Amino acid sequence: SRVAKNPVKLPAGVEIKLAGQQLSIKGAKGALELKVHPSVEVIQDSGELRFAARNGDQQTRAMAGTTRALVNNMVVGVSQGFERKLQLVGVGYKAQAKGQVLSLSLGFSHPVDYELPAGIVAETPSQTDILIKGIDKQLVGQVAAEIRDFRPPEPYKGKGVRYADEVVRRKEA
Amino acid sequence: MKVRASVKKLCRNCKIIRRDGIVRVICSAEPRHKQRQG
Amino acid sequence: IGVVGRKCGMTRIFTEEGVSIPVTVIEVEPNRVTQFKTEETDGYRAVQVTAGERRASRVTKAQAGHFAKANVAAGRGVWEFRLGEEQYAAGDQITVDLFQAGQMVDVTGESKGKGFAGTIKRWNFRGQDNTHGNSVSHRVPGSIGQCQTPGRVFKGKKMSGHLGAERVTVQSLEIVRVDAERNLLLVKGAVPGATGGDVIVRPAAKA
Amino acid sequence: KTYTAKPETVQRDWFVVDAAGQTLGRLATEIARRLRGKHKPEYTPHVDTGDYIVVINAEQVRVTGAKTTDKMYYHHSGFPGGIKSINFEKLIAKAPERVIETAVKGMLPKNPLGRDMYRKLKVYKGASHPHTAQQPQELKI
Amino acid sequence: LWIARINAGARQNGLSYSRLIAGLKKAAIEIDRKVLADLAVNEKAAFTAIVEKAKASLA
RNA sequence: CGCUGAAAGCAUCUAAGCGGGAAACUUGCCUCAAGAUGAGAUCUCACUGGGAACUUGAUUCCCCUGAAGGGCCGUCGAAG
RNA sequence: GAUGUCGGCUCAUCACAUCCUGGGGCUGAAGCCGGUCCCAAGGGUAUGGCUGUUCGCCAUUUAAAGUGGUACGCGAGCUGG
RNA sequence: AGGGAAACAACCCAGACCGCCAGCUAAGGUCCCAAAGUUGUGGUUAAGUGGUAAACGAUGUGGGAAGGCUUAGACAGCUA
Ligand SMILES: [Mg+2]
Ligand SMILES: [Mg+2]
Ligand SMILES: [Mg+2]
Ligand SMILES: [Mg+2]
Ligand SMILES: [Mg+2]
Ligand SMILES: [Mg+2]
Ligand SMILES: [Mg+2]
Ligand SMILES: [Mg+2]
Ligand SMILES: [Mg+2]
Ligand SMILES: [Mg+2]
Ligand SMILES: [Mg+2]
Ligand SMILES: [Mg+2]
Ligand SMILES: [Mg+2]
Ligand SMILES: [Mg+2]
Ligand SMILES: [Mg+2]
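Chains as they are written, first to last, in the deposited numbering: chain G, 2 to 174; chain 6, 1 to 38; chain D, 3 to 209; chain J, 2 to 142; chain Q, 60 to 118.
Dropping the structure here:
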């Protein structure tokens, strides 16, 4: 079926400052989420939310599914904390987070000091584990990918920063 | 990548995608099945 | 900003260690400020600068009145420097006090003009033979272009003429010594132009 | 014999054009038509009889399709390999006024009358023009 | 030149040259281009009186 | 190389959107450059007398005046 | 009722189907090295023995000693092997 | 000869006795260079196709008639 037909069924604490063109979601555990949706849309106000297009084109049918999922991600962001579990594999690799500074040791001559953006705060329960907490899935994934890009995994040893996806390439020769 | 004139699937995991006007082929199992143009 | 002086020949100084430092001595008269071009009235921001010793019979009345707004009693030439942000009054004095040891600078000035130079001297071309049957052409340029379909000579072709006194700048020369008493700058390296000329000294932006 | 306009007895007016989303070509053709003077009964090809045109927004102009990231503007400097190019998106941020001028320049005669007609075009990238004394009248509302 | 002048004179009144000639040919006004371009410039009232009748011809 | 994301309840680097990205591109370093007839911009200096005919941006002519400065000429230049 | 033909020297300009440098994918790529294929023309891209030779084989390097067009560039610029 | 195909003895229209600052048409055109429709109605195409090009490859998109299962519970996904 089409995801645009399913409702959002927002949880208890949510505010919808909908100005028609610009939607905004406010709640506990992070707030100030807002998105300017495409013009060709219909948004109702009720205990749940439903999305429908006006022109039955090949574009708006996809825009409705995209915006429904974006609003669902915004609702989940202020109800559940997004996370990305990145694990370090390799001897001599460690991560030492100092507040808003995430310094990594990846075998380079100089220590990389990756500066996190506003909102996202990372925690390191171990030397080979990162927990990137945030409110927006897009920004959390972008920060996780940017941290990953310093040293991507290697198939012959697995020696590189990697996340929970266990489909890593493996070959030995 | 593998530049060709006829991109096609090679295993069950190959999915053909038209990315930015180019018919790409991405394989989740075998990186050798990745094909760029065709 | 920068400082306008005179090239006065090269010299050499010896440090205690033993190495020789080739030096170009630059005489700097104390420079007066003639204008302060603000942004609101001129667009860009710059400051005029002038050296002294020009006789009253050689300055026009327009220039005499121009040097009367600020009590300068100015002399030969007027130079202008573009600056980022620094206030200067109508009447000020710019000396060599803004320079220190190290402090790589850019030195401009009109180079020594060769009258009318050939291609071997201007563009470092290679000459033809001298004995193996060669005709009169020994140092003349050879071909110019291709046979049928350039249809012409391409613009920018390297040909002979006027290795001139056009402005040229040597980049990032380090200052060896600054004399606030004799008003001299010792620059490590060469300076364009002949001795007794005019030279502009500015901080190096290339670093 | 038929009547011909005289440059010493010609009437010219001032107009102001607001380009705030207008298509580049469909605006340039109207500007060129009114500059050459095809909107007057007393039109002559040999002498110029047209109205001054003022453009107040040379950066809000619109081009349809994928030509924002395309439509290179080529020109040669004269030196060998001196060919240079710049696209619509990069040129409209650098020099907004020359984007719309080149369209009208290519839509006038290539005679010295075309240069005279082009001098009556005065484009501006801001929102106001320094011709308040002339008091141009709004058109194409 | 006469066609261009007549078109310019007609567009100020609210018609086009192609429709103006058709409106004239629905009736038989039979005025040549030489003496329509002369009326377009000088006798603007007469040209307007021709154009309104061409509109009244509904063509 | 990607993140969110449907069309096609999953997946999906794209259709909307958000990133990283090489001596190439555009600045940044140097020189010429308002004949850029679109001829740009700041400072300063110089000129404050009459008469006639004919027509009236009013034009032409007679006398007196010639300033700011520029040129001529001469002594020359590591400029030619 | 005339467009001077091969090589050499001087002078270069243009295409990328790229030899080096630059950014990347796959690899039967442990590392050091490599093979293959996209993007990239900004700058570089050898001296000699032989032979009239371009080409080619040699000895010795270099990061590399690129492929073509330009009357198989260039004799109102030089030689006549 | 003339008009059109941007210019193009051989292609399309058409065969100049001369004069006109007269009108209607053919090929070919009617946004500006350039004379004439930003004319009216029903659709398709987003790549500058139009404005060069084959084998071959591709859930690009519009239309047409047949099919296989299905509220007795299909197709996806979630748990054994
Ligand atoms: Mg891309
Ligand atoms: Mg000299
Ligand atoms: Mg000799
Ligand atoms: Mg020759
Ligand atoms: Mg030619
Ligand atoms: Mg011409
Ligand atoms: Mg000026
Ligand atoms: Mg005087
Ligand atoms: Mg002859
Ligand atoms: Mg290539
Ligand atoms: Mg560069
Ligand atoms: Mg030859
Ligand atoms: Mg000779
Ligand atoms: Mg007709
Ligand atoms: Mg026309």
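We put the CB at the ideal spot given by N, CA and C, even for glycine.
Could you confirm whether any beta carbon from chain J is found closer than 9 Å to the beta carbon of residue i?
i: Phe69 (chain D); result: no
i: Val110 (chain Q); result: no
i: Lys93 (chain Q); result: yes
i: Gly73 (chain Q); result: no
i: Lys157 (chain D); result: yes
i: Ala113 (chain Q); result: no
i: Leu60 (chain Q); result: yes
i: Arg64 (chain Q); result: yes
i: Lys85 (chain Q); result: no
i: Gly68 (chain Q); result: yes
i: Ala105 (chain Q); result: no
i: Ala118 (chain Q); result: no
i: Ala99 (chain Q); result: yes
i: residue 158 (chain Q); result: This structure cannot speak to residue 158 (chain Q), because chain Q is shown only from 60 to 118.
Using a beta-carbon distance below 9 Å, is residue i in contact with chain D?
i: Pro81 (chain J); result: yes
Using three-state DSSP, classify residue i as helix, strand or coil.
i: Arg163 (chain G); result: strand
i: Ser86 (chain J); result: coil
i: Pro97 (chain J); result: helix
i: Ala113 (chain Q); result: helix
i: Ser113 (chain D); result: coil
i: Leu92 (chain J); result: helix
i: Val141 (chain G); result: helix
i: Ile3 (chain D); result: coil
i: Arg32 (chain 6); result: helix
i: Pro24 (chain D); result: strand
i: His132 (chain J); result: coil
i: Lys106 (chain J); result: helix
On a CA-only basis, which of the options is nearest residue i? Give me that one, please.
i: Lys106 (chain J); options: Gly22 (chain J), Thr30 (chain J), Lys85 (chain J), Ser86 (chain J); result: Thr30 (chain J)
i: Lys86 (chain G); options: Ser110 (chain G), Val141 (chain G), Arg51 (chain G); result: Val141 (chain G)
i: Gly14 (chain G); options: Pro8 (chain G), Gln101 (chain G), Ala29 (chain G); result: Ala29 (chain G)
i: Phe109 (chain G); options: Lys10 (chain G), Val102 (chain G), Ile121 (chain G), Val92 (chain G); result: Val92 (chain G)
i: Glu84 (chain G); options: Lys138 (chain G), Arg152 (chain G), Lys160 (chain G); result: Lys138 (chain G)
i: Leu165 (chain D); options: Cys149 (chain D), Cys10 (chain D), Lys114 (chain D), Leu100 (chain D); result: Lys114 (chain D)
i: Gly104 (chain D); options: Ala167 (chain D), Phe83 (chain D), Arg128 (chain D), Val189 (chain D); result: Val189 (chain D)
i: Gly120 (chain D); options: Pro194 (chain D), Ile15 (chain D), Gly144 (chain D), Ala209 (chain D); result: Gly144 (chain D)
i: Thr10 (chain J); options: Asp49 (chain J), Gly22 (chain J), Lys2 (chain J), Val18 (chain J); result: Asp49 (chain J)
i: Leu36 (chain J); options: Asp19 (chain J), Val17 (chain J), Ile54 (chain J), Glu60 (chain J); result: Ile54 (chain J)
i: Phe38 (chain D); options: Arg47 (chain D), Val30 (chain D), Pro32 (chain D); result: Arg47 (chain D)
i: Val41 (chain G); options: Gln22 (chain G), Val76 (chain G), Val9 (chain G); result: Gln22 (chain G)
i: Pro42 (chain J); options: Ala6 (chain J), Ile101 (chain J), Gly115 (chain J); result: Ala6 (chain J)
i: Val100 (chain J); options: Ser78 (chain J), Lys123 (chain J), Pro110 (chain J); result: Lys123 (chain J)
i: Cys11 (chain 6); options: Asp20 (chain 6), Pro31 (chain 6), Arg18 (chain 6), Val23 (chain 6); result: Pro31 (chain 6)
Whole angstroms is fine: what's the gap from residue i's alpha carbon to residue j's?
i: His40 (chain J); j: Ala115 (chain Q); result: 23 Å
i: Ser6 (chain 6); j: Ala29 (chain 6); result: 21 Å
i: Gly100 (chain G); j: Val122 (chain G); result: 8 Å
i: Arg69 (chain G); j: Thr129 (chain G); result: 36 Å
i: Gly48 (chain G); j: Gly127 (chain J); result: 48 Å
i: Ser86 (chain J); j: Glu60 (chain J); result: 19 Å
Against chain Q, does residue i count as a neighbour if the rule is that its beta carbon must be under 9 Å from one of theirs?
i: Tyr4 (chain J); result: yes
i: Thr10 (chain J); result: no
i: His77 (chain J); result: no
i: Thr69 (chain J); result: no
i: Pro46 (chain J); result: yes
i: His40 (chain J); result: yes
i: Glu139 (chain J); result: no
i: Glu60 (chain J); result: no
Residue ranges of each beta strand (DSSP E) within the stretch 165-192 of chain D, 3 or longer: 172-181, 186-189
Whole alpha helix (DSSP H) elements within the stretch 22-60 of chain J, 4-residue minimum: 25-37
Runs of alpha helix (DSSP H) lying entirely within the stretch 81-155 of chain D, each at least 4 residues, in chain order: As far as the stretch 81-155 of chain D is concerned, its whole alpha helix (DSSP H) runs of at least 4 residues are 121-124.
Within the stretch 6-44 of chain G, ranges of the alpha helix (DSSP H) (whole runs, at least 4 residues): Annotation note: the stretch 6-44 of chain G contains no uninterrupted alpha helix (DSSP H) run of length 4 or greater.
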